[PDB]
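>>> First portion of the complex, with coordinates as positioned in the assembly:
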Amino acid sequence: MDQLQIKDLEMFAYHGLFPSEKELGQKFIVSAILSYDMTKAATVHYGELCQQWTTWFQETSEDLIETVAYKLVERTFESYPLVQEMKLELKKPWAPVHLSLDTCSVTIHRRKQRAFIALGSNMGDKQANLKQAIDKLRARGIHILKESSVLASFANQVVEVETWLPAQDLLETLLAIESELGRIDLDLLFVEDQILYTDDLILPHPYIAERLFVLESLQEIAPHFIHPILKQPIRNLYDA
Amino acid sequence: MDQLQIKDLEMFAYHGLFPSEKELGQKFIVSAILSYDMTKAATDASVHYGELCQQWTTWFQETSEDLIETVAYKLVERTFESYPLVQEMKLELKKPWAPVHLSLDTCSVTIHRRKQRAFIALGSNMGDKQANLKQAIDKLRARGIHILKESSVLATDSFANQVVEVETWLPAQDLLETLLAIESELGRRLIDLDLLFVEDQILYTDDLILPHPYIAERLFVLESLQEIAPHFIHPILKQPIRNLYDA
Amino acid sequence: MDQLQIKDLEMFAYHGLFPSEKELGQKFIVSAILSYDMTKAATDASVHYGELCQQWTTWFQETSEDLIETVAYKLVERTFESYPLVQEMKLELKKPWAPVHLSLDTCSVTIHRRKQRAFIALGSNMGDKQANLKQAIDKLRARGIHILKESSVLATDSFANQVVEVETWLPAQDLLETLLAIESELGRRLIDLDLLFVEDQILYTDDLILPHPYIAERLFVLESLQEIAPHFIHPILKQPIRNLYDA
Amino acid sequence: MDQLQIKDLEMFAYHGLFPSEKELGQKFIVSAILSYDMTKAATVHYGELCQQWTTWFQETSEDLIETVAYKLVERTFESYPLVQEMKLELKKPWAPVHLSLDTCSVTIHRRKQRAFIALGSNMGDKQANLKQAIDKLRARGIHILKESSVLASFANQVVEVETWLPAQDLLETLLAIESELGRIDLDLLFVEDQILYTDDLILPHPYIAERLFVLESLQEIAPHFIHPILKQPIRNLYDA
Amino acid sequence: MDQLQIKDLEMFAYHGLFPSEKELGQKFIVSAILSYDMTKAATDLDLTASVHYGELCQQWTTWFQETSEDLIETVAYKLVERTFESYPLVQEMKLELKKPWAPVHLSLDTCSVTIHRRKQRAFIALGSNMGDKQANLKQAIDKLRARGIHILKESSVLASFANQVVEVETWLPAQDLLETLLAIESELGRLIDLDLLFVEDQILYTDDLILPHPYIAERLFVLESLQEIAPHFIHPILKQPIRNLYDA
Amino acid sequence: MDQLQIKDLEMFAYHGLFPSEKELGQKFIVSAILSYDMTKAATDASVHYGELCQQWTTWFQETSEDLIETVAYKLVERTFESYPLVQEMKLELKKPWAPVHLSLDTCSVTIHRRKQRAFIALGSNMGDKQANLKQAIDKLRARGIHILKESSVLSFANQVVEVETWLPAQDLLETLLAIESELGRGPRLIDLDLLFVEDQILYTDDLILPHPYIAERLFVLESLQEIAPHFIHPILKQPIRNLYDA
C-alpha cells in the first residue's frame, strides 16, 4: 500500500498538565503517514491537510498529548474517506523533563477494518432494540456496510461494518451501547482475519459455528467470508 | 532478500497542480529501495547506480505532471520494465518546497510494489472462442503483466476454458481492475477473466475475494490449474491442486 | 498498538569491561519505545516522561556494570515492573565513546521484550505433592512472571497435576530455562514443569518444542487446560481446548 | 530477539569496476545489525568486530561492493557462532554518479535456519556417495546437526542442518554438489516453517507425505517436527 | 560590545521578480545580530535596557509580510531601517535574509543577502547666499531630520553667505549619506550647500567623496562653528582638537 | 592569542520574565571563548574543563534571574575573578525554548569583555582631602577593578592611578561617577577622571578618550610620568615623560 507523509510540521499550542504549560504554550512537532492505494490517482492536498491539522491542534488545550494526537487521527478519517490506515507521531521536544534528550513523542496508529457484529433482543419491543443499536453504532462513527434481515422468543440479526477501532476498543464501545440501552445483546463475531484471546475478548467469537441463527444471517450478507479458524466459507458452515 | 538503495537523489523539475509551479519548477528528492537476491552477483547479475540515477533523473524530467504520485509511479513502473532482476521496489518522492505555508520538514508520497505470481482463468463461448482467449492473454502482456506458463485451452453451446500463470506487480485490487478493463475493451459472453489466486494471499473486499470462492468446485478450472501447477497449494484448503483435482 | 518514545536521552555513567572505563566513565545515550493501547487515556491510564526519564537515569547510575547489555536489560525489566500498563518495550543503549579506535557513529545494544500469555503444566508425585506445586507457582511469581489464572489441582503412586496460565515477557527459550532452573532449585520426581503454549507461537528448537508435542494426547493436561481456557485455540490442531478434550 | 549494532564505521578501500577506482580508492561506510538473544549475557566485542571487519574489508579489491558486503557477512557467521541473523549495509557515498544524492548502499541480509535434506543413491558404491555428499555439504560451511541411519536397489538417508543460505541458494548449492559428483540425488525437504512455490523450488518438497522411506529416516531424527502444510508431526504422517 | 541575536527565524512571504513567485510565495529565513552594551540591563535588572525577542520577532515578521517586494535586499533593508527606528538601544545591525527556494535549478544550501549598518556621528557644513539665506538653512536641517537622520547639536548661524555646521547621528554609510545630501540640495533648487565634513574617525578617498573634507583646517568659518559644538573632536588626519586648529 | 572554548554546554534552569517560566524552567545552551596566551602551558599554567564547566553550571543554577543577560554577565564576571589567567572572554547564552511562538533556531545573548589597562586621576580639595583620595582608591578596589600602580599624592590634593579593568570605557566611567556619589557630590571631595584606557580613543556624549586636557595639566603629567613615563599618548603620539618636559 502507498503512503502519503508529512514529516515534522511544527505547531505551537497550549497542551500539558501543569497550569504553567497551559499558560505559556510550547512547540510541538507533528508527523504522519497516511496509507491508501495511489494507483488510481497516479494513472489528498498537502496545504489543506496541514492547515486543518494545524487548526484542529489549536482549538483547545488538552491535558494529554495522547488526547490531541487521537483527535487528529479521528478527524482525519472523518474528513478523508480515502485514507485506510494512519500513523501520527506527536512530538513534545520542550517537555519539562530536566535532562538532555532529543524528544519525547506519542504515536497513535489506527487501520480501517471490516467486522461483523451479532445483535439479539428478547424483552421490550424486540425489534425496536435492534434498530436502536444499529443507530447508536452509526452515531459512534462506525460505518454500516451491510445488514441482514432480522429473524423471529428472541429477534436476531447481523451486521457488517467498518471501523478503525482496534478490536478491544470496538468491544468496549459495544458494551457501552448495551449500557446506554439498560444492559439487547451485541457480540463481536469477527474483525477481519484477526484472531485474539484476551481476557475480555475472544475472536472469532467462540460459538459461531454452532449457532444456526447466526450463520443464517451471516450467510445472507457474507456467504463467501472465510472463518479464520475453521478455514471455511460461512456458506459451508451453515450447511451443517 | 537483499537491497540496493539510492538515498535522497536530488532532481529539479516542474510538476505540480498550480500553473505557477509548472512555470518555476522546484526541488524534488527521490529515494528508493530495490530488492532482489544478490547472492549470485556477489559470489560469481546486478543494477548500476550511475545509470539508474541517470535514467530516473531522465524519466523524471520528460514531462510535467500534476501529481507527484503519477511521477513516482512512472519511475517504479519503468524501473521494473528495465531491470527484470528487481523483485520489489519502494520509491519515495519528496516535495520539500510544496507551497504549504507552514514549517515542516517535507511532504512525500511513497509508492511500493512487489512482483507476485498469480493465476487468472479465461472463458469464452461466443465468436472465435479460441482467439478471444489469445487476445485477452495479449492485452495482459501489453499491460506489462508477464505470462509465465499457460494451460491448454479445452472445450467444455460449449466454453473455451484456459488458465494462465502470470507475474505481476499490480496489487490484487488493481490486477482485478485491469482484468475488467480488458473484458470491456473486447465487448464485456465474449470473454471472462477471473483472478483465482495471487500467491498465498487471501482477501475479502467489496470487489475481490481471493482465492476465488469456487475453485475447488469447478472441475474445469482444476483441470487446467492442475496441468500447469499441480503442486501449488490452495491457501485455504491447504491442499495441492493435484489433490483437489482428484475429486 | 500505540507507542510512547523517549529518543536519545543522555546519561553519564561508569559501565564497561576495562578498569580505565569504570574509572573515567563515559557518555551513554538511551532510546526507547513503549507500547500499549492509548485509546482509553486519550478519550477519558498513561506513563509520565519526566518521571520515566528520571527513573531510568537513576537505575542506570546505581552501579557499574561490565556489559551494557546487563544495564539495558535492567532498565527493561524494571520498567515493566513499575508500569504494568506497558505491553512491549524496546530499549536501545548507545555507547558512542566505546574505546574502538576507528571512526563510526556509535555501537549500541538493543533489547526488545513483549508480554505474552503462556500455559505451564505442573506435576508432582513425591513428598507433599500439593505444596510442591504451590512452591513452584511461587518461584514463578518471585521471578516476576504473573499468575493470571490457575486450574485446580487434581490427583491422577498418584500425580498431583495442575496447569497455570501466566503472563510473561521472557522469550520462549528463556521461560523454559527459568522453568528448569526452578525444577533445580527444588531438587530436580519432586516437580515437573512443562511449557505448553506461549500464545500462538510455534517453535522447533533443540531445547524447546511449542506447543508441547503431547498436549492433545494427555487427558490430564486437557483436563486442567479446559477448565481455565476452554476456548483457547491449539495453534496446530486449530481447535479449542474444549473440543480436543471431548476425545 | 536482541540486537547489537554498529552504525556507520568508516573504511577506506579500493573496490569498484573502473580501474581508476581501484587506483585511488575511496570512502566506504559500513553499518550492521547482528541479532541473537542477550538475556544470558545480560544476566561479542566491539573493538574486535570493527577491527576484523575493517581487516576483511581491505584484504582485497573487489569489483562489486555486493561481493565485499557478502564476505563480511559470511565471515562474521564463521567467527561468531552466537550470531543468528545479520544485516550489513555497505554504503558508497563517493560513487561516481554525477548527481547530488546522499548515498548509494547495498545491504545484504541473512538468517540461520534449520533445514532437512534427503539423500539418495543407486549406482556405484551406493553408500560411498551418501557419505561424500554429507561431506561436500560440510565443506560448503553448512552445519550437520543430526543425521539418520541409512536405509537399504537404492540407499536413503536424511539430514538436519543449519545454514544461513536462503532457500533458493541452498538449492543451488545442492545442485552444485550433484554436479561435482557426476549428477546421488539431494532434495530440500523443509527449511523450517517456510513454504515457497518458485520455478526452481517447492517447499516443503511436494512428496514427503507419500514417501515411506523419507518419513522413516525423518521420524528418527525429528519425530516431533511439524509439517508446515499438513499441520502434523512427522511421527504421525509416518504412521500411515 | 554585546550582541543579541536571532538565528533562522522562519517566515513565509511573497517576495521576488517572477510573477509566479508573487503568486506562490516561498519560505525565507532571517538571522540578525543586534549590538549594544548589555552591561546596564545585566546589572540593574533594567528591562528597558534590553530588547524583547518575542516582540522583535513578531514585528519583523509583520513588516516582512506587509507587501511583496521584487528584491529581497529591499525587504532586508526595511527591517534594518525599522528596527533602528523602533529600538533606539540598538547601535549596530547585521541582518541576513536567506532565500532557500530561490529558483536556481542547482543544489546548494542557500542564497542570502545580508545588510549591515552602524550608527555614526557625522558633521555637515551648511551654507547659503541666495533668497532667504536664513530660511534655506532651517529647511535643510528639516529635510535632514525628515529622512530620519538625527540632529544632535547645531551651531549658531554665521550671517554674501550664511553658514552653519550640524552634528548628527546616522546609520547610512558615508557614500549614501553624501547621496542623500545631494538629494536634498536638489529638492531645493540646487541656495543651499551641504558638505560632509567628517563621519567619525573615518577617512575615505573615493571618486565622489573625500573624508575628512579636505579644506577644513583652512576654512576659518567652518572651524568657527565647528569649535562651537565640538571643540574637542579630533581631526582624524591632523590629529588635533578642532579647538586648536581654530586657534590658527 | 590562544583560545580555550567550551561549545554548547547544556544547562537547565529557571530564568525568564514570565512567571510560568520560573515555575517550569527550560533548557539553556552556553558557549564561551576564553583567550589567553597558551605558549607557556604548552612548553613546560592552564584551565580545566571538568572544573570550568562544573562551576559555570553551579553559578548558572544558584538563582533564577528575570534577564538572561544578568546571568551571562555573572559567568563572565565570576570567571575573571576565579581564573586570573584569562584576558578576554566571550560567553554566549542561548535560549532555544524562549516563548516566542515562531519557528527559529534560537535567540541568544552574548556578552564580550576584555581586560584593559587604564589611568584615573583623583583630586580632592574639601574635608580630609588625603582621606577622600584613599577612600576612592579603596571603593575602586572593592568594585573588583585592580590597582596596579599608584602615584604619590601631590588648595587641592592630586593623584593618578594605573588600574586593570574588564569594564568597557563607558561603564568604567559610570562606575567612577557612582563612587563620586557614594562619597557625596567650587570645592568637591573627589574628582575621578578617566585619563586613558589603553590605546583606545573615543568621542561620545558622555566620555572622551583620551581625556582632552591631559597634555595641558602639569599636575596630571606630574604624577603620571611618575608611574608611567613611557606610556604613549594615543593621539599626540608621544611618551608622557616627554609631554611632561613642557
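Noted; the coordinates are in hand. Residues are numbered from 1 along each chain as shown, chains lettered A, B, ... in the order given.

>>> What sits closest to the most centrally placed residue in chain A if chain neighbours are left out?
Among the residues of chain A, residue A:165 comes closest to the average C-alpha position under C-alpha atoms, centre = their mean, at 1.9 Å. On the basis of C-beta to C-beta, 6 or more residues apart in numbering or on different chains, the spatially nearest residue to residue A:165 that is not a chain neighbour turns out to be residue A:173, at 6.4 Å. To be clear about C-beta, it is placed using only N, CA and C from the backbone, and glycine gets the same treatment.

>>> So that neighbour, which state does it fall into?
Secondary structure, DSSP: H, G, I helix; E, B strand; the rest coil: residue A:173 is helix.

>>> For the helix or strand encompassing residue A:29, name the packing helices and strands.
Following DSSP states H and E, one finds residue A:29 within strand A:26-36. Using 3 or more C-beta pairs under 8 Å, 6 or more residues apart in numbering or on different chains; DSSP states H and E as the contact test, the elements touching strand A:26-36 are strand A:2-13, helix A:46-58, helix A:65-79, strand A:85-91.

>>> Make a markdown table out of the ones you listed and add distance to chain B and mean neighbour count.
A markdown table is the format used below for the helices and strands packed on strand A:26-36 (distance: least, C-beta to the nearest C-beta, whole Å; neighbours: other C-beta atoms under 10 Å in any protein chain shown):
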| stretch | distance to chain B | mean neighbour count |
| --- | --- | --- |
| strand A:2-13 | 4 | 20 |
| helix A:46-58 | 5 | 17 |
| helix A:65-79 | 15 | 20 |
| strand A:85-91 | 12 | 21 |
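
>>> Of those, give the one that comes closest to chain F.
In this view, the helices and strands packed on strand A:26-36 are compared for proximity to chain F by C-beta to the nearest C-beta, and strand A:2-13 is the closest at 4.4 Å.

>>> domain parsing for chain A?
Each structural domain of chain A that the record assigns through curated CATH domains is listed here as a residue range: A:1-112, A:113-240.

>>> tell me the most buried of those domains?
domain A:1-112 (a mean of 19; mean count of other C-beta atoms under 10 Å in any protein chain shown).

>>> for it, the distance to its chain's centre please.
Relative to the centre of its chain, domain A:1-112 is centred 17 Å away, using C-alpha atoms, centre = their mean, to the nearest Å.

>>> Ends of that domain, what's the gap?
13 Å (C-alpha to C-alpha, to the nearest Å).

>>> Tell me which of the domains of chain A lies nearest to residue D:26.
Closest approach to residue D:26 among the domains of chain A (C-beta to C-beta): domain A:1-112, 31.1 Å.

>>> and then chain G:
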Amino acid sequence: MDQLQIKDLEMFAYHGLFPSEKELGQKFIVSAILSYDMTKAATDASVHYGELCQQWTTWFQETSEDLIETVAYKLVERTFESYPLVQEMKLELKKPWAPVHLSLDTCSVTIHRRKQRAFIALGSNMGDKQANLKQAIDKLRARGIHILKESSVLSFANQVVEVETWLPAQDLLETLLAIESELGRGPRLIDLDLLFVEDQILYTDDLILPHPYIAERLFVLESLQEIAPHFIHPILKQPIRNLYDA
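This next block brings in chain G, placed alongside the chains you saw above:
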C-alpha cells in the same frame, strides 16, 4: 558593506593532480561572499543568483585543472570582470572527496580579493621614451588592471597613473616587473614603481609601501598632485598638494 552570498553550491567536475581523478571526477562544493553597497538597489542595480550560479557552474566545468586553486581563482577573476558592481569577493572551493585517506569533514581553498586604488609612476629615458610609457599603460590595461586617471607626461620622461586593481600589492608588483620584462629590461626603457595602494602600508623584502622616496621626488609629486592633489600620504599624514609645496 552588504553582502550577497551563495552557500555550498554543488558542482561536479574533473579537477585534480591524480590522473585517476581527471578520469573519474568528484564532487566540489562552492561558497562565495560578494560585497557591495546594496543601499541603492534596496531603495529604487544588483546581482542574479539564477545567473551567477549558472555561470559559475559553466566556468567551473569548462576545463580540468590540476590545482583547485587555479579554478577558484578563475571564478574570482571572471566574476569581477562580468559584475563590475562587486567590490570584494571571497570564494571558497571545497573538495570533500579528496583522496586523503583519513576521516575529515573537508579540505578547501578559499581565495579572497578586494578592489583597490593605486598609483604607479612610469619613467623612460631610452628609445622612443614617449612610446615606452604609452605601451606600459597599455600592457597594464591588457592585464585587466583599470586605468582611472593618467597625469600628463613630464634625459628622462615621467608620468604617474591612478589605477584600480584587485591584485594584492605583492602581486601587482610582480605584474609590474613582468611588463618591464616583456618590454626589455644606466639608461632603461621603463620603470614601473608602486607608489601607493590605498591607505596600505608594507614592509617586505620585495616591496615597501608607500614607496620610500615619494616625498622627496619633485617629478613624482608633480604629476601626482596633478591627478590626485588631495590624496593623503598614509604615513606623513598629508595631502600630495602639500608635500608638493616643498
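
>>> picking that back up, for the residue nearest to the centre of chain A, phi and psi?
When read as degrees, to the nearest 10, the backbone of residue A:165 gives phi -70, psi 130.

>>> can you tell me how far it sits from chain D?
Shown here: residue A:165 relative to chain D, a distance of 31 Å by C-beta to the nearest C-beta, to the nearest Å.

>>> what residues are up against residue A:13?
Contacts here follow C-beta atoms under 8 Å, 6 or more residues apart in numbering or on different chains; on that basis residue A:13 touches A:25-26, A:28, A:57-58, A:61, A:68.

>>> any idea what sits nearest the residue of chain A found nearest chain D, other than its immediate chain neighbours?
Taking C-beta to the nearest C-beta, chain D has its nearest neighbour within chain A at residue A:231, 10.7 Å off. In space, not counting the residues next to it along the chain, residue A:231 is nearest to residue B:236; the distance is 5.5 Å by C-beta to C-beta, 6+ apart.

>>> how much space between that neighbour and chain C?
With C-beta to the nearest C-beta as the criterion, residue B:236 and chain C are 12 Å apart.

>>> List phi and psi for the residue of chain A closest to chain D.
When quoted as degrees, to the nearest 10, the phi and psi of residue A:231 stand at phi 60, psi 40.

>>> show me what contacts it?
B:236-238, C:238.

>>> Next, the angle from the strand holding residue A:29 to strand A:2-13.
Taking axes from the mean of the first three to the mean of the last three C-alpha atoms, to 10 degrees, one finds strand A:26-36 and strand A:2-13 inclined to each other by 160 degrees.

>>> Hey, what's the angle from strand A:26-36 to strand A:103-111? Just curious.
Put simply, strand A:26-36 runs at 30 degrees to strand A:103-111, going by the same axes, to 10 degrees.

>>> so residue A:119 bridges to which residues?
residue A:157, residue A:186 (DSSP bridges).

>>> just checking, it touches residue A:130?
Yes. Here residue A:119 lies in contact with residue A:130, judged by C-beta atoms under 8 Å, at a distance of 5.2 Å.

>>> shared neighbours, the two?
Common contacts of residue A:119 and residue A:130 (C-beta under 8 Å, 6+ apart): A:157, A:184.

>>> Quick check: phi and psi on residue A:99?
The main-chain torsion angles of residue A:99 are listed as degrees, to the nearest 10 and equal phi -140, psi 160.

>>> show me what contacts it?
Shown in contact with residue A:99 (C-beta under 8 Å, 6+ apart): C:9-10, C:53-54, C:57, F:12.

>>> add chain H to what we have:
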Amino acid sequence: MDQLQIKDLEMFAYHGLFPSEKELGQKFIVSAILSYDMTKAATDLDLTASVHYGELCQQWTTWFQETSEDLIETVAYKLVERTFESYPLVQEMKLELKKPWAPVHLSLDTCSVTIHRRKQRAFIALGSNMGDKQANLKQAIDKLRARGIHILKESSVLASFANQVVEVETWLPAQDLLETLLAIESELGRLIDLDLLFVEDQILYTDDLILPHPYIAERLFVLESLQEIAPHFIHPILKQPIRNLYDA
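Putting chain H onto the chains we already have gives this:
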C-alpha cells in the same frame, strides 16, 4: 590573503592528565586554517607553491600520535611549530584541537584549544662588554637560530661595549619572543644583552615589554646599525624612516 583549510580531521590518540585517559585514548578532532598567497599557484600552475593535503594530513596525524602528552595545548602547539618548520609557504596558522570525549560529565558539544601564530619581522639589539665581547655576540645570534627563529639580515658590529642589531623572522608573539630572549641571556651567564626593538608595526605597553623599545630615537649606535640594515623601515610611533631618525 588566501587560506587552505582542513576541517575536522579525526585522530585517535592517548593524550590527557588522568592515567585512565593515557590507557584508553580517545577521539580528537583537528581543524586548521593555513594562510598564504595562492595567486602564484593558481596562475603558474605551480605545484611547489601549494601545500599537499594528503601529506599535510598524514604528517599531522603522525606527529599527533608520536607520544602521549598531558595537555592538548602542548600537542596543538607542536603541530603548529612543526608545520611552520616543514611548509615554509605558510605565513599564518590557526589550528584548533577538539576533545569531545573530555571527561566532563555534562552534555556539550565539545571542548577545544586553539592556537594561532603568524610569522613576523622583528629587530633585536645585541650588546656585550665582558669576556670576548665579539664571541658573545655570535653565540647569541646562534642560540637565536637554534630556537628556530630565522636571521634575515645582520648588521656589522660596532666595536667598553660591542653592538649589533639583527633583523629576524619569528612566529612567536612579542611577549614570548621576549621571554626566549631572556632565556638566552641566562643560558649565557646573564656579557650579552638582548633587546627587542620592534616587532613590525606593533606597539605594546605591558608589564614586561614596551614596543617599540622606548629609547631608539635617542640611541645613536642603535640607529647606526639599524639604518644599515633597514633604512626605510618606519618607526611605528614617530612615523619616520630609521634613515631619517639617524640623520639627527
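
>>> What about the contacts of residue A:13 again, now that chain H is present?
For residue A:13, the contact set (C-beta under 8 Å, 6+ apart) comprises A:25-26, A:28, A:57-58, A:61, A:68.

>>> what do you get if the cut-off is 7 Å, keeping everything else the same?
Under the criterion of C-beta atoms under 7 Å, 6 or more residues apart in numbering or on different chains, the contact list for residue A:13 reads A:25, A:28, A:57-58.

>>> of all these, which two lie farthest apart?
By the measure C-beta to C-beta, the contacts of residue A:13 have their two most distant members at A:25 and A:57, which lie 11.6 Å apart.

>>> Of all the residues in chain A, which one is nearest chain E?
Among all residues of chain A, residue A:10 sits closest to chain E, at 8.5 Å; criterion: C-beta to the nearest C-beta.

>>> my read: that residue touches residue A:27, true?
Yes. Assessed by C-beta atoms under 7 Å, residue A:10 is found in contact with residue A:27 at 6.4 Å.

>>> how about the residues of chain A near chain H?
Proximity of chain A to chain H (C-beta under 7 Å from any C-beta of the partner chain) is limited to residues residue A:100.

>>> now do 10 Å
In this structure, chain A approaches chain H at residues A:99-101, judged by C-beta under 10 Å from any C-beta of the partner chain.

>>> show me what contacts the residue nearest to the centre of chain A?
In this structure, residue A:165 makes contact with A:110, A:112-113, A:115, A:140-142, A:171-174, A:191, C:39, judged by C-beta atoms under 10 Å, 6 or more residues apart in numbering or on different chains.

>>> got it, and residue A:77?
For residue A:77, the contacting residues are A:34, A:83-86, A:110, A:112, A:141, A:163-164, by C-beta under 10 Å, 6+ apart.

>>> And for residue A:51?
Per C-beta under 10 Å, 6+ apart, neighbours of residue A:51: A:45, B:100-102.

>>> And residue A:110, by the same measure?
A:70, A:73-74, A:76-77, A:83-88, A:163-166, A:169, C:2, C:39.

>>> Many thanks, we can stop here.
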